[PDB]
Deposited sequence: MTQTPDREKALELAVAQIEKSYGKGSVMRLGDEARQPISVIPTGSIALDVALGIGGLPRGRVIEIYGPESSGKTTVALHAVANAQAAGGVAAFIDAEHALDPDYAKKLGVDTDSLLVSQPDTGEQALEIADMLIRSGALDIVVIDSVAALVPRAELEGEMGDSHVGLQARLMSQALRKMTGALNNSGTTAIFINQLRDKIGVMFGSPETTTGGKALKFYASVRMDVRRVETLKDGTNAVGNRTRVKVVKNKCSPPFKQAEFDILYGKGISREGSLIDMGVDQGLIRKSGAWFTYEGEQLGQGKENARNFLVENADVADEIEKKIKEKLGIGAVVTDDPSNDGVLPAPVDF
């Protein structure tokens, strides 16, 4: 009785002294912001607690080569644009496929792109963009590619981490004020991510778990994402979803998964049913049905959000 108040007091002082998400019980509900950047998977949006990526914060998305981390980033870009936002993409990798981006939903024509000469030029340009107040989202591809000028110009070793540290402490204020989200893509956490690990409000570990198949042909990959860090909602939640080659994150696939998870979609055998109606036999028909019938896919989306507050 007398200790329940001391803990509430303790938590409050921590909250006041260090910020809103400085301590949380893992069973807590998330405090919902006004706006967020949805990820493309409702499952991931739920895993993040606040229904998507936070605004005015640093995000890290890391994983192996071709884990899907860039696909997740590009979906964040599409949704930011889809709600009238402007996007930028700081590219030190030169791997971007705009056609793939296009099929996800990215307005590539409007997408600001920069291919900077050095790591510090990359971060300075990003910061220049962020302070404009005009961007909703900027993506940095990638952390490891942010090679310092000195190293590129042929000149001890350790200053890439120092470059990130310096840049992030300056960038973090610019992001809060602007309400711009910065997503750092990072490989396997790798060459400056040790500062990013503490500056990031969200960190997402992205991985392939199995190849999806249409008979013997590889159509895509089931993808798993763990929110290892989350300052806006309890951390350590994970989600799975499908990335289909040439299309990206199957929005409809996630609606079904979370649909059955939430009891909104029942399962009379291999038949997925919704509201007395039938959606399809097997996952693909249920999936294909939802894209062909966008109105019911939004019905299922609104219902899932209502049950969880997302």
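Gaps in the model relative to the deposited sequence occur at 1 to 4, 160 to 163, 197 to 208, 331 to 350, listed in sequence order.
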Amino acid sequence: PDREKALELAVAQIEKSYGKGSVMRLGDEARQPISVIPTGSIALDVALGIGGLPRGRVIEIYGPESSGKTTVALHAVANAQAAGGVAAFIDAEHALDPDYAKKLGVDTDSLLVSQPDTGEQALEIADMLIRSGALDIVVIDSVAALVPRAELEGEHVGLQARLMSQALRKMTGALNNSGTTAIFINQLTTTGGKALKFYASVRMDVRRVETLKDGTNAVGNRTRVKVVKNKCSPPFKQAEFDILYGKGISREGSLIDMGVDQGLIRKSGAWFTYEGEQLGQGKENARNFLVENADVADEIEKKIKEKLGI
From here on, numbers count along this sequence of modelled residues.
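Note that the rigid core is defined as the largest set of C-alphas that superpose within 1.5 Å between two forms.
In summary, of the stretches 126 to 134 and 156 to 164, 156 to 164 shows the greater Cα distance from the shown form in 9 other deposited structures of this protein, with structures fitted on the rigid core.
Omission of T189 is seen in a third or more of the other entries compared for this protein where the adjacent residues are built.
Look at the mean CA B-factor for 20 to 28 and for 6 to 14 in the entry; the higher one is 6 to 14. For the segment pair 66 to 74 and 257 to 265, the entry gives 257 to 265 the higher mean B-factor, averaged over Cα atoms. The PDB entry assigns the greatest CA B-factor among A270, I243, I42, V58 to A270.
Comparing C-alpha B-factors across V219, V86, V225, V113 in the deposited entry, the largest value falls on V219.
Per the PDB record, residue ranking by Cα B-factor puts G282 in the highest third of the chain. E210: CA B factor lies in the highest third for its chain, per the PDB record. In the deposited entry, the Cα temperature factor of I34 sits in the top third of values across the chain's modelled residues. Sort the chain's modelled residues by C-alpha temperature factor and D127 lands in the middle third, per the entry. Ranked against the other modelled residues of its chain, the C-alpha B-factor of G248 as given in the entry falls in the middle third.
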